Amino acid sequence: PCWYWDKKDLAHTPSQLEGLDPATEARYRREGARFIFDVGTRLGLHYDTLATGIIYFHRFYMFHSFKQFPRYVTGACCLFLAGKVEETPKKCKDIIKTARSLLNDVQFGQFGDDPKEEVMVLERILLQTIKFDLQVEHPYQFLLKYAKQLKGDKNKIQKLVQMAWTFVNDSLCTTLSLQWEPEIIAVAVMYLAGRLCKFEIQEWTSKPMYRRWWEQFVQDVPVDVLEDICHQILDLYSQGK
């Protein structure tokens, strides 16, 4: 199945078509996504485990409204599945201990009477909604594999991917996971981390004169598309880091 939309079609989520302010969906999304990122690192979970739960979350609300499903409970459910999927599972008891703990007491009100049930029973439809496609890849993996094939000064690379990595963490709050393959997002954060640091990346590859260095990893990706991913991320630093 396919999990990638073009920008023109994301203004047609079930939430918005039911008459929802787009600016508030982005709120609910950036909120919901960031929620998972914090709950996970507190439980001490792997970074790929964090990302799968987030990508599940973003994917779930492409077929459902935020009205019928409280933003904060779904995210907890997504992390629950993600733990089991990425083989870093936590009991649902331990996450609910984080549910009440790191969160506004009225934001916790989303879980209703029994967070366990509200999280556990929700898992049935979550699995169905993501069409039982449980393996999900991230820009993390490709970022390293590409940087290992870069031939130059290490402490420049060490700082290069150091900021490119953080950018992937940044991007998760947005629908980039719903827009581009993880490899192409990984190329984009290499492109961005290379520009603001003024590192010209070609000079470390087999062909130092082809400006568009990235085609050695991907195929026929235009510089236009890459800059689109970059801009969407720049708005994140413009307001919420």
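From 1 onward, residues are counted along the sequence shown. Between two forms, the rigid core is the largest collection of C-alphas that superpose within 1.5 Å.
- In 8 other deposited structures of this protein, superposed on the rigid core, the segment with the larger root-mean-square CA displacement between 228 to 236 and 18 to 26 is 18 to 26.
- Between 200 to 208 and 53 to 61, greater CA displacement relative to the shown form is found for 200 to 208 when the structures in 8 other deposited structures of this protein are fitted on the core.
- Mean CA B-factor, 123 to 131 versus 149 to 157: the higher value falls on 149 to 157.
- Of the two segments, 57 to 65 and 39 to 47, the one listed with the higher mean B-factor is 39 to 47 (C-alpha atoms only).
- Placement of the Cα temperature factor of residue 220 within the chain: highest third of the modelled residues, per the deposited record.
- Sorting the modelled residues of the chain by their CA temperature factor places residue 136 in the lowest third.
- Residue 228: CA B factor in the highest third of modelled residues in this chain (values from the PDB entry).
- Annotation for residue 205: C-alpha temperature factor in the highest third relative to the rest of the modelled chain, per the entry.
- When the modelled residues of the chain are ordered by their C-alpha B factor, residue 196 lands in the highest third.
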